[PDB]
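What follows is a set of notes on a single structure, which appears directly below.
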Amino acid sequence: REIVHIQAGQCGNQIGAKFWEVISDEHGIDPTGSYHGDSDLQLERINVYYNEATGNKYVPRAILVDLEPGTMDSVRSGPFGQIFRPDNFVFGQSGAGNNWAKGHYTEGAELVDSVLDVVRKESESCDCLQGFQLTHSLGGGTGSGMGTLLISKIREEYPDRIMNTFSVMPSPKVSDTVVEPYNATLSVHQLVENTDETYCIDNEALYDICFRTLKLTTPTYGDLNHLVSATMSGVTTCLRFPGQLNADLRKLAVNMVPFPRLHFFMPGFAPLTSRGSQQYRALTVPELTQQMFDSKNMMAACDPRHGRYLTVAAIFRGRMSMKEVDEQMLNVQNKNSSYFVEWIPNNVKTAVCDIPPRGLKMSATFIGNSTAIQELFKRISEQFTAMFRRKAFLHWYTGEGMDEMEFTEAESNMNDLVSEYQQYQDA
Amino acid sequence: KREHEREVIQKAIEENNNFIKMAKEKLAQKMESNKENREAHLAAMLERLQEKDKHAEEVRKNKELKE
Ligand SMILES: Nc1nc2c(ncn2[C@@H]2O[C@H](COP(=O)(O)OP(=O)(O)O)[C@@H](O)[C@H]2O)c(=O)[nH]1
Ligand SMILES: [Mg+2]
């Protein structure tokens, strides 16, 4: 069951590269593409993400996309820059100017067919393609605008495949431009309709974690991407290593998505660590379970106590007592049963994987579908409305052919999504 | 959606062309209007000077019919 990976825009390519860097190390693949590991667990399902090449070389099934060559040139000169298939580098020259319209309708529409040629070339090599995963931000132009354009066209050509995304949400605390709420709202509209699974990665939460918890006075994007790569590794563990639970993208979707539009997940992770800062003390299982559920460990700036969990997927990594894990997992549900919907019996599922990530002897990754996620979309909607009520900064969009009505629809659909999440919070 | 996508980029092209078009026409009209006005001002000037000549002829004429 092969997965085709796509990374779009500056953010998309910067976390996308970091992702391939991290899991390549876990699968024992060096920058050359050669395997140098000591466990056979590493190679059993390496076909999910890697293509097998001459000399038993492994090549990521990854497609790199951008409307400017800057970031992708940095990727190609980065640590694992050479592992990527050079033909899978598809880039324009004009950029998107943090403009959704440019990415979706003009600049990106010019490039999108070239990208789909590569997607198609990769897909036909697959014995049994299960689907796609996209990494991108929603606050810019390329990843947000062209990324959702790609999603729409992939769904057209592969309507029976799963679409998955890692979507970075914009935050004023970590902001490039004022129009990020516009770009994000337009994108969420697209995501609600055309993805089955979306990991909501909030730059607000990533900032707060770095500041409040990791005590980083002034966090960079590099710091923020330490958390993202750690989270991305964890939520894909069940897909990359042998196991019985949530092993493919469809079975994850069937277990996590009770209603088709409500497919926006809160990722969580424990223990939280900063770059370089060495951890010497391994956490106990009770500690991992408590932390991975705490709001301070959520990658989406939402209070889980303000909502209810529809579904939960948990993945413990390392050498530990699987009996202690099940005990602690059952304790959380039994002590805080109110925060789990009673009309989905046994909605918490747990997996365990012997291989821990690098630098930690054990870890836990959390994937929650909570109604509390509405707080994320409400926040975006408020920032959106503040500007839109005065039609501020809209000329950037009307200049590319967009009409005000399209903003109104996007606004309305996100507010509908909010109310849908609220409907089940009071069930 | 594909049809909407086409309509959006067609709208951007249309409005961009319409802006170029109206700027080209607005300018051509101004330079034409300015050419007429300046010429009409210079023409009125010469005409006034040319009747000073006609007046001078009438004066010299009046001196010959003075004798
Ligand atoms: N976490 C993270 N967020 C980023 C990064 N680069 C940009 N962003 C965020 O993404 C938005 C800007 O989008 P960007 O990716 O630069 O636009 P694009 O290149 O046209 O797709 C803003 O909300 C930024 O905070 C990055 O390296 N890491
Ligand atoms: Mg940028």
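Protein chains in written order, with UniProt numbering: chain A, 2 to 428; chain B, 119 to 185.
The beta-carbon is built from N, C-alpha and C at its ideal position, and this holds for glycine as well.
Relative to the C-alpha of A:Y425, which residue among A:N416, A:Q291, A:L263, A:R282 is closest? Taking the first sequence and counting its residues from 1, one reaches residue 425 of chain A at position 424. Minimum Cα distance to A:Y425 is reached at A:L263.
List the residues of chain B whose Cβ lies closer than 7 Å to the Cβ of A:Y106, in chain order. As a working note, residue 106 of chain A is residue 105 in the first sequence. Simply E123, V126, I127.
State yes or no: is the C-beta of B:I127 within less than 8 Å of the C-beta of A:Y106? Looking up residue 127 of chain B in the second sequence gives position 9. Looking up residue 106 of chain A in the first sequence gives position 105. Result yes, Cβ atoms of B:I127 and A:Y106 sit closer than 8 Å.
Name the one or two DSSP bridge partners that A:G369 has. Counting from one through the first sequence, the residue named residue 369 of chain A turns up at place 368. Bridge partners of A:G369: A:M267, A:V313.
Whole-angstrom distance between A:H307 and A:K216, CA atom to CA atom: Position 215 of the first sequence holds residue 216 of chain A. Position 306 of the first sequence holds residue 307 of chain A. Straight-line Cα distance between these residues: approximately 26 Å.
Near ligand 2, which residues have their beta-carbon closer than 6 Å to a heavy atom? A:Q11, A:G141, A:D177
Verify whether the separation of the beta carbon atoms of A:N99 and A:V180 is less than 8 Å. Your numbering for residue 99 of chain A matches position 98 in the first sequence. Your numbering for residue 180 of chain A matches position 179 in the first sequence. Yes, the pair counts as a contact, with Cβ atoms nearer than the cut-off.
If you measure beta-carbon to beta-carbon, which residues of the region 156 to 185 of chain A are closer than 9 Å to chain B? Residues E157.
For A:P182, name the three-state secondary structure that DSSP assigns. In the first sequence, counting from the first residue as 1, residue 182 of chain A sits at position 181. Residue state, collapsed to three classes: helix.
Give me the Cα-Cα distance between A:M321 and A:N52, rounded to the nearest whole angstrom. Position 320 of the first sequence, counted from the first residue, corresponds to residue 321 of chain A. Position 51 of the first sequence, counted from the first residue, corresponds to residue 52 of chain A. The alpha-carbon atoms of A:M321 and A:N52 are separated by roughly 32 Å.
Using 8 Å for Cβ pairs, my map puts A:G29 next to A:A54. What's the rounded Cβ distance? Locating residue 29 of chain A in the first sequence gives position 28, where the first residue counts as 1. Locating residue 54 of chain A in the first sequence gives position 53, where the first residue counts as 1. With a Cβ gap of about 16 Å, A:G29 and A:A54 do not count as contacting.
Contacting residues, own chain, Cβ-Cβ under 8 Å from A:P243 (five flanking each side not counted): Numbered from its first residue, the first sequence carries residue 243 of chain A at position 242. Here the set comprises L42, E45, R46.
Beta carbon of A:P268, beta carbon of A:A373: below 8 Å? Residue 268 of chain A sits at position 267 when you count from the first residue of the first sequence. Residue 373 of chain A sits at position 372 when you count from the first residue of the first sequence. Result no, Cβ atoms of A:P268 and A:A373 do not sit closer than 8 Å.
Given A:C303 as reference, the closest of A:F20, A:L377, A:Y159 once Cα atoms are compared: As a working mapping, residue 303 of chain A is identified with position 302 in the first sequence. Ranking the options by Cα distance to A:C303, first place goes to A:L377.
Return yes when the Cβ of A:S230 is within less than 8 Å of the Cβ of A:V23, no when it is not. Here residue 23 of chain A is taken as the residue at index 22 of the first sequence, counted from 1. Here residue 230 of chain A is taken as the residue at index 229 of the first sequence, counted from 1. Yes, the pair counts as a contact, with Cβ atoms nearer than the cut-off.
Got a sec? Which residues, its chain only, sit under 8 Å from B:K170 by beta carbon, not counting five neighbours each side? Here residue 170 of chain B corresponds to residue number 52 of the second sequence, with the count starting at 1. Answer for B:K170: no residue qualifies.
At a Cβ threshold of 8 Å, is B:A162 touching chain A? Here residue 162 of chain B refers to the residue found at position 44 of the second sequence. Output row for B:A162: interface = no.
The alpha helix (DSSP H) with A:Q334 in it runs from where to where? Your numbering for residue 334 of chain A matches position 333 in the first sequence. Its alpha helix (DSSP H) spans residues 323 to 336.
Looking only at its own chain, which residues have a Cβ that is under 6 Å from the Cβ of A:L225, when we skip the five neighbours before and after it? Your numbering for residue 225 of chain A matches position 224 in the first sequence. Here the set comprises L207.
Close Cβ partners of A:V66 (< 6 Å) along its chain, the five nearest in sequence each way excluded: Numbered from its first residue, the first sequence carries residue 66 of chain A at position 65. Closer than 6 Å at Cβ, skipping near neighbours: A9, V91, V116.
Indicate, with yes or no, if ligand 1 has a heavy atom lying under 7 Å from the CB of A:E108. Translated into the one-based positions of the first sequence, residue 108 of chain A becomes position 107. Checking every heavy atom of ligand 1 against the Cβ of A:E108, none is found closer than 7 Å.
Measuring alpha carbon to alpha carbon, tell me which of A:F133, A:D39, A:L68 ends up nearest A:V49. Here residue 49 of chain A refers to the residue found at position 48 when the first sequence is read from its first residue. Of A:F133, A:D39, A:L68, the residue nearest in Cα terms is A:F133.
First through last residue of the beta strand (DSSP E) which encompasses A:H137: Residue 137 of chain A sits at position 136 when you count from the first residue of the first sequence. It spans 130 to 138 - the beta strand (DSSP E) in which A:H137 sits, taken as one unbroken run.
Taking A:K103 as the reference, which of A:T149, A:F385, A:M363 has the closest Cα? Locating residue 103 of chain A in the first sequence gives position 102, where the first residue counts as 1. Residue A:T149 is the option with its Cα nearest to A:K103.
Between the C-alpha atoms of A:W397 and A:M403, what's the straight-line distance to the nearest angstrom? If you number the first sequence from 1, residue 397 of chain A lands on position 396. If you number the first sequence from 1, residue 403 of chain A lands on position 402. About 9 Å.
Helix, strand or coil at A:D118 [DSSP, three-state]: In the first sequence, residue 118 of chain A corresponds to position 117, counting from 1. Of the three classes helix, strand and coil, the one that applies to A:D118 here is helix, per DSSP.
Compare the Cα-Cα distances from A:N414 to each of A:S75, A:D355, A:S78, A:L192 and report the closest residue. For the purposes of this step, residue 414 of chain A is taken as residue 413 along the first sequence, with counting starting at 1. Nearest option by C-alpha distance: A:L192.
Under 7 Å from any heavy atom of ligand 1, does the C-beta of A:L112 make it? In the first sequence, the residue the question calls residue 112 of chain A occupies position 111. No - ligand 1 has no heavy atom lying nearer than 7 Å to the Cβ of A:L112.
Interface flag, A:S153 vs chain B, CB-CB below 8 Å: As a first step, residue 153 of chain A must be located in the first sequence, where it is residue number 152. Yes, its Cβ sits closer than 8 Å to a Cβ of chain B.
Can you tell me whether A:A283 sits near ligand 1, meaning its C-beta is under 7 Å from at least one heavy atom of the ligand? Working through the first sequence from its first residue, we reach residue 283 of chain A at position 282. False, no ligand heavy atom lies under 7 Å from that Cβ.
Can you check whether the CB of A:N195 is closer than 8 Å to the CB of A:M147? Within the first sequence, numbered from 1, the residue matching residue 147 of chain A stands at position 146. Within the first sequence, numbered from 1, the residue matching residue 195 of chain A stands at position 194. Contact: no.
Any heavy atom of ligand 1 closer than 7 Å to the beta-carbon of A:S275? What you label residue 275 of chain A is simply residue 274 of the first sequence in a count that begins at 1. Within 7 Å of the C-beta of A:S275 there is not a single heavy atom belonging to ligand 1.
What I want to know is whether the C-beta of A:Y208 ends up closer than 7 Å to one or more non-hydrogen atoms of ligand 1. The residue you call residue 208 of chain A lines up with position 207 of the first sequence. Outside the cutoff, so no.
In whole angstroms, give me the CA-to-CA distance for B:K181 and B:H173. To locate residue 181 of chain B, count along the second sequence from 1; it is residue 63. To locate residue 173 of chain B, count along the second sequence from 1; it is residue 55. One C-alpha to the other measures close to 13 Å.
Counting only Cβ pairs nearer than 9 Å, list the residues of chain A close to B:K142. As a position in the second sequence, residue 142 of chain B is number 24, starting the count at 1. Result: empty, since nearest Cβ-Cβ is about 19 Å, beyond 9 Å.
Tell me, please, which residues DSSP counts as bridged to A:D203. Here the question's residue 203 of chain A lines up with position 202 in the first sequence. Note: A:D203 sits in a beta bridge opposite A:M170.
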